[PDB]
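Quick setup: one chain, the form deposited in one PDB entry, written in structure tokens, and binding and motion questions come after.
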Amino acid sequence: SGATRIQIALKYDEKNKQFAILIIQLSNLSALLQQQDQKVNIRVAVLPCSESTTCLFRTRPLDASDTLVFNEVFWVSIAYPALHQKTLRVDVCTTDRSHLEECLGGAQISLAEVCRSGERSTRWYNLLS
């Protein structure tokens, strides 16, 4: 196999001064989670946390699979100068028995490319352990 990839869309709306993070789908989860009787969630964090609005989001948990479809958007009330300098950390995290959290891989993503003009960027990102 290859690496585990995750597909995400990014769009910034300056009228309403908010940022959209759409977690679309995960691919090749087997590269990170070999035994798959667990449920995984995508953990999303806008770093630095910023000491005002929610910086930590988490998808619903789904039964592991090598083609896993979350259609969860998260909105964050931010302005472009702040946003433009931030980092997006995403991790595929599972939970073992007794709701413990363990994260199997992730990626930090520069937002310097996010478009102030509001165009959507849709890319695949590799999650490394």
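The numbering used is simple: start at 1 and walk along the sequence shown.
Colleague: Comparing 39-47 with 95-103, where is the mean C-alpha B-factor higher?
Modeller: So the stretch with the higher mean C-alpha B-factor is 95-103.
Colleague: Between 78-86 and 23-31, point out the one with the higher average CA B-factor as the PDB entry records it.
Modeller: Looking at the recorded C-alpha B-factors, 78-86 comes out higher on average.
Colleague: Taking the chain's C-alpha temperature factors as the reference, tell me which third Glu14 falls into: lowest, middle or highest.
Modeller: Highest third.
Colleague: Would you please rank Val69 by its C-alpha temperature factor against the other modelled residues of its chain and give the third it falls in: lowest, middle or highest?
Modeller: Tercile = lowest for this residue's CA B-factor.
Colleague: Taking the C-alpha B-factors as the PDB entry records them, is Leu111 in the lowest, middle or highest third of its chain?
Modeller: Middle third of the chain for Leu111's C-alpha B-factor.
Colleague: Quick check for you: using the entry's CA B-factors within this chain, is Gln7 in the lowest, middle or highest third?
Modeller: For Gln7, whose C-alpha B-factor we compare with every modelled residue in the chain, the answer is the lowest third.
Colleague: Going by the CA temperature factor in the PDB record, which third of the chain does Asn126 belong to: lowest, middle or highest?
Modeller: For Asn126, the deposited C-alpha B-factor lands in the lowest third.
Below: the form deposited with a small molecule bound, not depicted.
Colleague: Flag this candidate site as yes only if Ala20, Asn71 and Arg120 all have a heavy atom within 4.5 Å of the small molecule in the entry with it bound; otherwise mark no.
Modeller: Yes, the whole trio is in contact, each within 4.5 Å by some heavy atom.
Colleague: Could you confirm whether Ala112 comes within 4.5 Å of the small molecule in the entry with it bound, counting heavy atoms only?
Modeller: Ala112 lies outside the contact set for the small molecule.
Colleague: How about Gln25 - does it come within 4.5 Å of the small molecule in the entry with it bound, if we only consider non-hydrogen atoms?
Modeller: Judged by the heavy-atom cut-off of 4.5 Å, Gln25 is in contact with the small molecule in the entry with it bound.
Colleague: With the small molecule left out here, work out from 36-44, 51-59, 71-79, 86-94 which stretch has heavy atoms within 4.5 Å of it in the entry with it bound.
Modeller: Among the listed stretches, the partner-contacting one is 71-79.
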